[PDB]
Amino acid sequence: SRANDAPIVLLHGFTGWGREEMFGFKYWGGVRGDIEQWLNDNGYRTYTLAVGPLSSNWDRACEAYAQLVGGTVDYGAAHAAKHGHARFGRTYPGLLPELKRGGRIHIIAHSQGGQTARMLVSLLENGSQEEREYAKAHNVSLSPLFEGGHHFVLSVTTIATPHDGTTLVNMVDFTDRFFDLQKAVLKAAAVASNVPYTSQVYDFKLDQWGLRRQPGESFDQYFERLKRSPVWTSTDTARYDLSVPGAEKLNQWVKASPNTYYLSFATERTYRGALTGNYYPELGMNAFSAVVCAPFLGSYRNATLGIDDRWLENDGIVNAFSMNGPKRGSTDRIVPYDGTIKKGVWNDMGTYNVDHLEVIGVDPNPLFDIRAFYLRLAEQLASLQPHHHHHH
Ligand SMILES: [Ca+2]
Ligand SMILES: [Zn+2]
């Protein structure tokens, strides 16, 4: 039963948007309803973060921090100079100023949101040594995020997260197929990609790069520009962090805090072929993934990169092997759930038979009780002890 009053905060990956965007079609719930509202109605206070879908985990973490406590996004002077984007971004009121008073949160993160949540915890706790030294050397101001010593996060739950990257980015036409996927999610919200909507609809939040959809421009045309922009061509991107090498680099510094609980949920929607050893999309998998992504994921091997048969099972977008927690370039530990949730370690809650989009309701699946999944999750997080005691 209930051991903590920490609010829940929802977080998205390489696709996602605010509650007011997509004409109210929720990323968290999609065609099935409104997950945040379900939790609130059942007495679990729950909020939603919206950060750049295509931006690096770093950028997203800085935007999350500021969206949480209030203020103007500060990406870091060292970081901004290193990648050639703006240091300061959007300004936020702050969802939870209670955080600046000892309060804590549970983060439920989906897809690449799980990388972002991990990095947010690491910056909060440790800050950035490079940013601290840079401010010292150059006499610039320094965001509190980079100082260290914050403890906002009681737990982090990840769902279908590419902790070790996804081999989807190795597709030779990944660039086009990835934006086609963005178009498919627009399609899910009944939004056309060949129309210059004058209202914003889907804000990619690229204030650090000075990019936004222009009047007269459809998403199709907007995506053609973005493909050529630094948010697609630079290392300071979701594209890079999403790749196996990019994820591995992230894992080399983003460690599990000893003060935080970690829960991992994996997802699969495939079956194994007995003659090929490959994996193939199940019935019911979102159309786009089934045609465009899953066949590659379930068959792509690369010996020098360390991509072997274990990587083939997938949920249509991410390899299931990548989801239980960071392993490549990581010292984090991962323990299979045994009734007991342990602190400072990845508690691998196993693998669920739902695809990348079904798990948040963006694609339908009447066999998946989505309301009960999230309510069971919520009740699990509410039962977490903020301070466990050692015992026999
Ligand atoms: Ca489905
Ligand atoms: Zn950046």
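In each ligand, atom 1 is the first atom listed, and ligand 1 is the first ligand listed. Numbers for residues simply follow the sequence, beginning at 1. Just the heavy atoms: all of them, side chains too, but no hydrogens, waters or symmetry mates, feed the values below.
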_Side chains of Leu242 and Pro162, heavy atoms from C-beta outward: is any pair under 4.5 Å?_
yes
*Apex the Zn ion (ligand 2) - arms OD1 from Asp59 and OD2 from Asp236 - angle rounded to 10°*: 130°
*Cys62 backbone or side-chain N/O/S under 2.8 Å from the Zn ion (ligand 2)*: no
_the Ca ion (ligand 1): angle it makes with OD2 (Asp363) and OE2 (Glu358), nearest 10 degrees_ = 110°
*Work out the angle at the Ca ion (ligand 1) between O of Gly284 and O of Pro364, rounded to 10°.*
170°
*Salt bridge present between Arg328 and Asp164 (N-O < 4.0 angstrom)*: no
*According to the interplanar angle, ranging from 0 to 90°, do the rings of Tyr27 and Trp17 count as parallel (below 30°), tilted (30 to 60°) or perpendicular (above 60°)?*
perpendicular
*Please determine which of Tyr240, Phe179, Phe223, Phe204 meets the ring pair (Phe, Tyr, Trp, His ring centres under 6.0 Å) test together with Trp232.*
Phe179
*Is the distance from the Zn ion (ligand 2) to the nearest N/O/S atom of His83 under 2.8 Å?*
no
*Indicate the ring-plane relationship of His85 and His79, choosing parallel, tilted or perpendicular according to the 30° and 60° boundaries.*
tilted
